[PDB]
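**Q** Here it is: the structure, laid out below.
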Amino acid sequence: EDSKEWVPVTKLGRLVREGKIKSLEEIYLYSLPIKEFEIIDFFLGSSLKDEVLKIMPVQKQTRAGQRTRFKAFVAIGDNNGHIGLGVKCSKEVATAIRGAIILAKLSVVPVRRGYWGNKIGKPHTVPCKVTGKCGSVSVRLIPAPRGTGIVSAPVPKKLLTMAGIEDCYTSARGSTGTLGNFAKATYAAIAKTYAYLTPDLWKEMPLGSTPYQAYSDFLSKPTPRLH
Amino acid sequence: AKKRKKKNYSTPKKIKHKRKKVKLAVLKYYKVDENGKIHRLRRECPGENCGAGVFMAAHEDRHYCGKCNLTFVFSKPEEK
RNA sequence: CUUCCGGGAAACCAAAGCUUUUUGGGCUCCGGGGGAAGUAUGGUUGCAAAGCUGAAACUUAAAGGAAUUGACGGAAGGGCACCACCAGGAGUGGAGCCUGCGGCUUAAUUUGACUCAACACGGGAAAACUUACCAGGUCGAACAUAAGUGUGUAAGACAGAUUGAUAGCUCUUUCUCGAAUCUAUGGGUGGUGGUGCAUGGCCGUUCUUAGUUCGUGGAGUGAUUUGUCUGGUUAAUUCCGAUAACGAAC
RNA sequence: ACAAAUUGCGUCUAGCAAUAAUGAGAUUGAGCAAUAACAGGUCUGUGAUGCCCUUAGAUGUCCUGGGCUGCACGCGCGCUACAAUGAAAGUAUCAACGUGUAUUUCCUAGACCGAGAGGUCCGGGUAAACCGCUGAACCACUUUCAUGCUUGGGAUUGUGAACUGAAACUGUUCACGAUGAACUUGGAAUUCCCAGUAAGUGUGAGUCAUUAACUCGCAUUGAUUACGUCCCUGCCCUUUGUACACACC
Numbered sequence: 038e039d040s041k042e043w044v045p046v047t048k049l050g051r052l053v054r055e056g057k058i059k060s061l062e063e064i065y066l067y068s069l070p071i072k073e074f075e076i077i078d079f080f081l082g083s084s085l086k087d088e089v090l091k092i093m094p095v096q097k098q099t100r101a102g103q104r105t106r107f108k109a110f111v112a113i114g115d116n117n118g119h120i121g122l123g124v125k126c127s128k129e130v131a132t133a134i135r136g137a138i139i140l141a142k143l144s145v146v147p148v149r150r151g152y153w154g155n156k157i158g159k160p161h162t163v164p165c166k167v168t169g170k171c172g173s174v175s176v177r178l179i180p181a182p183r184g185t186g187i188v189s190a191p192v193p194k195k196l197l198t199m200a201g202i203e204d205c206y207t208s209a210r211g212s213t214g215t216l217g218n219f220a221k222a223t224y225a226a227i228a229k230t231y232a233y234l235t236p237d238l239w240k241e242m243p244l245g246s247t248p249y250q251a252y253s254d255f256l257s258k259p260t261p262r263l264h
Numbered sequence: 077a078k079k080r081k082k083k084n085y086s087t088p089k090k091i092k093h094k095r096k097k098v099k100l101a102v103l104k105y106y107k108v109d110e111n112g113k114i115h116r117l118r119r120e121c122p123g124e125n126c127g128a129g130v131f132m133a134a135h136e137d138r139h140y141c142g143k144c145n146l147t148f149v150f151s152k153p154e155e156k
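These protein sequence lines are chains AC and Af, in that order.
The deposited numbering numbers the first residue of the first sequence as 38 and each following residue consecutively.
The deposited numbering numbers the first residue of the second sequence as 77 and each following residue consecutively.
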């Protein structure tokens, strides 16, 4: 049970429901604005499982006398190469925990895995040294050889295992006990793994396809075509 | 035994007995003259309202039937 | 002044940026939580008032950094009712009396409720009853256990005490339907007992106003903001119109 | 008024204008009321109720009683007046919401008696039907009073006469004829309110066997003045400094 057959808001999800896009990288070339979560559940859902981080409370001050609101850090992610982060306020927990997790599907990033010192056999950890600085939280990523697991704080290990890394020397400076920027910066730290020029990438490209033009025929028709 | 804020240990000692039983044995007292006349100790009620099975009291000059203890006062009141 | 498209925790910044990648253009002082304390102790300098100089035992889990929100809490700007006036009116607060309640006192003077929103209220205009108060009385209510045996386990009246009356409630003394075997024992029963700082339910105020709050976004590291307006007009977030989710919902 | 309501259109948008009607310049007042809440109110409304208290010697429960009403004192809510726009006498002659007995004695009329209070007899009415067309008070109309704490004002207190209820004694209320205080407009203060309203002046209803001076509406009589302002105590969210926090207590 779905229970609802997904409707496309935009023509991008119309293209994937027509089956003319079968690649998660196809949006990832031109950074296509994915503002429906159903496409994330179109390609994935297999090996895309979630873990809550906190359920930490806040308060809104009123005329009389308080207002209590909830806030839950959470992280879904494909077990090899993807992760998502997000959070959302709510006046009840069950309104949050079934709703705040939708946002991280808009924050799914391809995680690039790299070698450390030898070019044999399915690169594992990280391309290069990447830091994520966000709000007094500077998680510096340092590549590691085999055996040595993901060393981190006790908290962000559940993010990185559900991203796909195995081996990394990693820390940060500051008050990680103020968790709010901590998990967020790692989401910006791991996202920068495709923002680093590599001499492996010095040959470029066939320079583009733009599937708007490659699939305008289905765009041009006004008929609600199934399949 | 209550719990009140002011009055504790009223004590009128509450001596109201249930039944003394220092008297009034049930009628084992019975004499039968032999062959065959029956003598009825606590001779019965002359009132016809009962079946004369009340064992009317032996008392001072005020006797009474047993089915109702206050009434049937033996004075005797004559009616005319 | 503009916007990072830089940097910061932020306001702010063209350098406070290039101190990012666990980073590097040179050189000097100078800080490591408070308060002890810019105090003592000596030197040094001043004609002096005083300065270059500067600690410690003790004591303390926080002192503050910007920002969001509560103040259309005598603080700015704009708009409303005689729970606010003015223009008044009738009043009460004086008198008499009736009741609210305290205080007083009483065997007991049952008691709830202290601003506005406890105070002719608990409809509370009660002889008793109510009544929860005080003083005399008064009822009996489970069960297996259990032991008389039904030679009366009880239950009722006269009679004179006791009584307020008759209360055989008690009892001097008498007959009596006797059986729920009237049990010491499980424990349940009841209460206008306690606690509104255990609550529920209900109600009052917040409310003669005009406000609340959700799914999309761009604000931002987050708090939460935007929506919900600069104005016009409205009893009105009532509409227009700017129109920065609208289709929002009361 | 069912509003093209005519009106040198205001930021084209909602130009007050009463004015057009001629039941009608709203016929027109309440009820319903959110969001987050507060240690508001109540366990004595309840066989809603946790916990605690008790259970033949009860707080429970029914009887006899008392007391809640007790009074040098503080206070609030209202009525009675402080009289000449009257107190007296009569006379004229006006409502309305309502109201009322079946298994409990209500509403009453009619004759009758009684200073009265009340008492007796025959009725009606389960009610647009009888009470009742409820033929309400204050006013209005000739007088009596001469302003004199006065025939204004009726507290106090005797007395019998009532009557309700088994039962009355800071009291059941009501009668008659005695008794006539305090008080002549009320210190600082402070209440409500803009039209059929305030206020005067009443009736019904509610608690009820009898006890209204309150309470819920009814009805009559019918103002001054406001038709605003943001000072003052208020209050509603826009900028705003803050050490503001359990929010200037």
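Every residue gets a Cβ at the ideal spot worked out from N, C-alpha and C, and that includes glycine.
1. Throw me the rounded Cβ distance for the AC:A226 and AC:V188 pair, which I believe falls under 8 angstroms.
2. Check whether the Cβ atoms of AC:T235 and AC:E203 lie closer than 8 angstroms to each other.
3. Beta-carbon separation of AC:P180 and AC:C205 under 8 angstroms?
4. DSSP has AC:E75 in a bridge; who is on the other side?
5. Can you tell me which of the three DSSP states AC:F107 falls into?
6. Which residue marks the beginning of the beta strand (DSSP E) containing AC:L197, and which one marks its end?
7. Would you mind listing the alpha helix (DSSP H) stretches within the region 216-264 of chain AC that are 4+ residues and don't spill past its ends, in chain order?
8. Find out if the Cβ-Cβ distance for the pair AC:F107, AC:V130 is shorter than 8 angstroms.
9. Might you give, ordered along the chain, the residues of its own chain that have their beta carbon closer than 6 angstroms to the beta carbon of AC:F110, omitting 5 neighbours on each side?
10. Rounded C-beta distance between Af:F150 and Af:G123? I'm assuming under 8 angstroms.
11. Using the three-state DSSP reduction, which class does AC:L81 fall into: helix, strand or coil?
12. Go ahead and pull the three-state DSSP assignment for AC:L90.
13. Residues in its own chain within less than 7 angstroms of AC:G154 by CB, not counting five upstream and five downstream?
14. By a C-beta neighbour count over all protein chains shown, 10 Å radius and 16 as the cutoff for buried, is Af:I114 buried or exposed?
15. Give the DSSP bridge partners of AC:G169, in chain order.
16. Over the uninterrupted beta strand (DSSP E) stretch that includes AC:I120, give me the two end residues.
17. Taking 8 angstroms as the cut-off, decide whether the C-beta atoms of AC:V174 and AC:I77 are in contact.
**A** With the structure as the only source:
1. Not confirmed; about 15 angstroms, so no contact.
2. Judged by their CB atoms, AC:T235 and AC:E203 are not nearer to each other than the 8 angstroms cut-off.
3. Between AC:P180 and AC:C205, the C-beta gap is smaller than 8 angstroms, which places the two residues in contact.
4. None, per the DSSP bridge assignment.
5. Strand, per DSSP.
6. First-last for AC:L197: 194-198, but that is the alpha helix (DSSP H), not the beta strand (DSSP E).
7. Entirely contained in the region 216-264 of chain AC, the alpha helix (DSSP H) runs reaching 4 residues are, in chain order, 219-228, 248-251, 253-257.
8. Inclusion of AC:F107 and AC:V130 in the CB contact set at 8 angstroms is warranted, their separation being smaller than that value.
9. These residues qualify, in order along the chain: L90, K91, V124, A220.
10. Their Cβ separation, rounded to whole angstroms, is 11 angstroms, which puts Af:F150 and Af:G123 out of contact at 8 angstroms.
11. Looking at AC:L81 - three-state DSSP - the assignment turns out to be coil, as it is neither helix nor strand.
12. Judged by DSSP in its simplified three-state form, AC:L90 adopts coil rather than helix or strand.
13. Around AC:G154: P182.
14. By the neighbour-count criterion, in which 16 or more other beta carbons inside 10 Å mark a residue as buried, Af:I114 falls on the exposed side.
15. As computed with DSSP, AC:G169 is found in a beta bridge with AC:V176.
16. Counting along the chain, the beta strand (DSSP E) containing AC:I120 begins and ends at 119-123.
17. Judged by beta-carbon spacing, AC:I77 lies beyond the 8 angstroms limit of AC:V174, meaning their Cβ atoms are not closer than that value.
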